[PDB]
Structures are given as C-alpha cells and as structure tokens.
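Q: After the structure tokens below, expect a handful of questions from me.
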Amino acid sequence: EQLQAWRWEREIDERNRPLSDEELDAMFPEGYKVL
Amino acid sequence: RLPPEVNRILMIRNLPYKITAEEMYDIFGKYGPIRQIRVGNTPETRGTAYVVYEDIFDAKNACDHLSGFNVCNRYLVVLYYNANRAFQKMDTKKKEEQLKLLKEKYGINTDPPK
C-alpha cells in the first residue's frame, strides 16, 4: 500500500488547495448572502 | 486518515433565523480559520448556511463536533458539502451544466450524496 498511502496523501492534498472567490461562487446555488 | 466525502465546505441546516455574522464565526471559527460563510437569506433558504474552512482537517474536526450540537433551542444539522445535493432545487436539465461546469473547470466531484 506504498501506492495506496501515496494516492490518499495525494487525494487529501488536492482537496486542500487554496480556493479563489471565483472558484467558490460557482460552488453555491442562489439565495445565499456572503457574511 | 479521512474518507472520500470529507470536504472543506460544510452545509448547515436548522440555523436560528436571527443569527449574527459574529455568532456564526464564533461558533464555527473555534475549529480553525474560516475562508468564508454564506448564509441563506430567501424563504427557500433561511435557516441553512455554508461555512468554508481554510483547511480540510479543521473542517473534518468541526463536522464531527458540531453535527447535532445544540445552539439556541435547536440541534444543528451539519453535513459535508456536496455539489449534487447543493444544486438539487435546480431544474433537472439546467443542473447538468453547472454540475459539469464544476467538474470540468475546478475538478471538484459531481457525484450524488451516495
């Protein structure tokens, strides 16, 4: 699982990249106001 | 460490209606730096919110601790974000565009909350 461990490690990391406001806007449906 | 559904963005349901920005940040920020918080402000969305964490481990921690946690006189429902669930009230057809737009531009997962 040397390949499983890396891979998980790599998965968690793509899910942990900085996010642009632009990226975020496309993430959400209408009807929400940003605090 | 962390399963496939865990995400930096949390979906909150059963929020008290009269909750301030302060209070949100107070409640959720305890678990780590906050990227942002969107709050439901139309009849169909009042009581729900999305809180975005800067770090996925913080999100994971907060979701553990806050799901079913009592605030005011209500138990919060907190769930991990899911692109599909978040765009349910979209008409069956127009859903696809956004769902595919997201999966293509930003590579984030489109699959239903399975």
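All residue names refer to the structure tokens as shown: chains lettered A, B, ... in order, residues numbered from 1 in each chain, ligands numbered from 1 in order.
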As a list in words, could you give me every residue of chain B near chain A (at most 7 Å apart, counting only C-alpha atoms)?

A: residues 7, 21, 37, 38, 39, 40, 41, 42, 45, 55, 56, 83, 86 and 87 of chain B

Q: Mind writing the picked residues with C-alpha atoms as a tab-separated table (two decimals), in the first residue's frame?

A:
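Wrote part_13.tsv, looks like this:
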```
chain	number	residue	atom	x	y	z
B	7	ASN	CA	-14.64	18.36	2.27
B	21	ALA	CA	-22.19	37.17	11.49
B	37	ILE	CA	-19.58	31.78	5.33
B	38	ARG	CA	-22.59	32.16	3.09
B	39	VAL	CA	-25.95	32.42	4.87
B	40	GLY	CA	-29.41	31.61	3.49
B	41	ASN	CA	-31.45	34.78	3.02
B	42	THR	CA	-34.51	33.87	0.87
B	45	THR	CA	-33.03	29.02	2.11
B	55	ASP	CA	-8.07	23.67	5.96
B	56	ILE	CA	-9.75	20.28	5.41
B	83	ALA	CA	-22.10	19.67	-5.38
B	86	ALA	CA	-26.28	21.72	-3.24
B	87	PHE	CA	-27.85	22.03	-6.70
```

Q: Which parts of segment 9-114 of chain B does DSSP call helix (DSSP H, G or I) when run on the backbone here, written out as a ChimeraX atom specification?

A: /B:21-29,56-66,83-86,92-105

Q: Do a neighbour search on residue 60 of chain B at 12 Å with only C-alpha atoms, toss out local chain neighbours closer than 2 positions, and write the hits as a VMD selection string.

A: (chain A and resid 12 15 to 16) or (chain B and resid 1 to 10 28 31 to 32 52 to 58 62 to 67 78 to 81)

Q: Produce a file of the selected residues containing N, CA and C atoms, as a compact mmCIF listing (two decimals), in the first residue's frame.

A:
```
# COMPACT_ATOMS: atom_id res chain seq x y z
N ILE A 12 -5.96 13.80 -0.39
CA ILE A 12 -6.23 14.75 0.69
C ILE A 12 -5.69 16.13 0.33
N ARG A 15 -7.70 18.20 -2.30
CA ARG A 15 -8.82 18.70 -1.52
C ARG A 15 -8.40 19.77 -0.51
N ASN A 16 -7.11 20.09 -0.45
CA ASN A 16 -6.61 21.09 0.49
C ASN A 16 -5.88 22.27 -0.14
N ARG B 1 -6.35 8.19 7.30
CA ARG B 1 -6.91 9.42 7.95
C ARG B 1 -8.38 9.81 7.57
N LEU B 2 -8.66 10.28 6.34
CA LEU B 2 -10.01 10.82 6.01
C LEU B 2 -10.76 10.32 4.75
N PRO B 3 -12.02 9.84 4.93
CA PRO B 3 -12.88 9.27 3.87
C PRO B 3 -13.21 10.23 2.72
N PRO B 4 -13.77 9.70 1.60
CA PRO B 4 -13.90 10.43 0.33
C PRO B 4 -14.89 11.57 0.36
N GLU B 5 -15.80 11.56 1.32
CA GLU B 5 -16.83 12.59 1.35
C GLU B 5 -16.38 13.86 2.07
N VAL B 6 -15.32 13.76 2.87
CA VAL B 6 -14.89 14.89 3.68
C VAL B 6 -14.31 16.00 2.82
N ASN B 7 -14.76 17.21 3.13
CA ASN B 7 -14.64 18.36 2.27
C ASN B 7 -14.38 19.56 3.17
N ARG B 8 -13.81 20.61 2.60
CA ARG B 8 -13.54 21.83 3.33
C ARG B 8 -14.81 22.63 3.63
N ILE B 9 -15.85 22.42 2.81
CA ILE B 9 -17.08 23.19 2.90
C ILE B 9 -18.12 22.39 3.66
N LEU B 10 -18.79 23.04 4.60
CA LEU B 10 -19.81 22.39 5.40
C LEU B 10 -21.16 22.98 5.06
N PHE B 28 -18.42 28.46 14.55
CA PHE B 28 -17.66 27.65 13.60
C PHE B 28 -16.16 27.92 13.60
N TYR B 31 -12.98 25.99 15.39
CA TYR B 31 -12.30 24.80 14.85
C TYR B 31 -11.18 25.09 13.84
N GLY B 32 -10.93 26.37 13.56
CA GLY B 32 -9.91 26.76 12.59
C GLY B 32 -10.32 27.89 11.65
N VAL B 52 -17.07 27.70 4.95
CA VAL B 52 -15.92 27.21 4.23
C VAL B 52 -14.69 27.36 5.08
N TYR B 53 -14.01 26.24 5.31
CA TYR B 53 -12.78 26.26 6.09
C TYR B 53 -11.55 26.43 5.22
N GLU B 54 -10.53 27.08 5.75
CA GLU B 54 -9.27 27.18 5.02
C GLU B 54 -8.56 25.81 4.92
N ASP B 55 -8.78 24.94 5.90
CA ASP B 55 -8.07 23.67 5.96
C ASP B 55 -9.00 22.48 6.19
N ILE B 56 -8.82 21.43 5.39
CA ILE B 56 -9.75 20.28 5.41
C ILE B 56 -9.78 19.52 6.74
N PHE B 57 -8.67 19.54 7.47
CA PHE B 57 -8.64 18.90 8.78
C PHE B 57 -9.50 19.65 9.80
N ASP B 58 -9.48 20.98 9.73
CA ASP B 58 -10.34 21.80 10.57
C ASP B 58 -11.79 21.48 10.28
N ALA B 62 -14.56 20.06 12.87
CA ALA B 62 -15.77 20.83 13.14
C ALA B 62 -17.03 20.02 12.87
N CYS B 63 -17.00 19.25 11.78
CA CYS B 63 -18.13 18.46 11.36
C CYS B 63 -18.44 17.37 12.37
N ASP B 64 -17.39 16.78 12.93
CA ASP B 64 -17.50 15.78 14.00
C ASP B 64 -18.17 16.38 15.22
N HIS B 65 -17.67 17.54 15.64
CA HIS B 65 -18.08 18.13 16.90
C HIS B 65 -19.43 18.85 16.80
N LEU B 66 -19.79 19.35 15.63
CA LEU B 66 -20.94 20.25 15.53
C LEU B 66 -22.23 19.62 15.04
N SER B 67 -22.12 18.48 14.36
CA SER B 67 -23.29 17.76 13.89
C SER B 67 -24.13 17.36 15.09
N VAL B 78 -25.24 19.43 10.60
CA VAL B 78 -24.09 19.79 9.76
C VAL B 78 -23.64 18.62 8.90
N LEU B 79 -23.48 18.86 7.60
CA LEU B 79 -23.07 17.84 6.64
C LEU B 79 -21.95 18.37 5.75
N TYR B 80 -21.12 17.48 5.23
CA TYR B 80 -20.10 17.88 4.27
C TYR B 80 -20.74 18.37 3.01
N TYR B 81 -20.10 19.33 2.36
CA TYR B 81 -20.60 19.87 1.11
C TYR B 81 -20.68 18.77 0.08
```

Q: Could you check which of B:71, B:102, B:51, B:34 is closest to residue 16 of chain B, using only C-alpha atoms?

A: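 Residue with the minimum atom-to-atom distance to residue 16 of chain B: B:71.
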
Q: What does the distance between atom CA of residue 19 of chain B and atom CA of residue 76 of chain B come to in Å, to one decimal place?

A: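 According to the coordinates, atom CA of residue 19 of chain B and atom CA of residue 76 of chain B are separated by 12.8 Å.
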
Q: Quick one: everything within 12 Å of residue 96 of chain B, counting only C-alpha atoms, minus sequence neighbours fewer than 6 positions away in the same chain. Send it as a ChimeraX atom specification.

A: /B:83-84,87-88,90,102-104,110-111

Q: Take the residues from that selection and write them out as an mmCIF file, in the first residue's frame, keeping C-alpha atoms.

A:
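And here's out34.cif as it stands now:
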```cif
data_model
loop_
_atom_site.group_PDB
_atom_site.id
_atom_site.type_symbol
_atom_site.label_atom_id
_atom_site.label_comp_id
_atom_site.auth_asym_id
_atom_site.auth_seq_id
_atom_site.Cartn_x
_atom_site.Cartn_y
_atom_site.Cartn_z
ATOM 1 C CA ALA B 83 -22.098 19.667 -5.380
ATOM 2 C CA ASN B 84 -25.057 17.472 -6.334
ATOM 3 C CA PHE B 87 -27.849 22.033 -6.702
ATOM 4 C CA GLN B 88 -30.962 19.890 -6.205
ATOM 5 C CA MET B 90 -32.155 23.365 -9.975
ATOM 6 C CA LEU B 102 -17.732 22.454 -11.883
ATOM 7 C CA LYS B 103 -16.319 19.008 -12.622
ATOM 8 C CA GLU B 104 -14.551 20.424 -15.681
ATOM 9 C CA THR B 110 -20.108 15.891 -9.068
ATOM 10 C CA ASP B 111 -21.440 12.552 -7.743
#
```
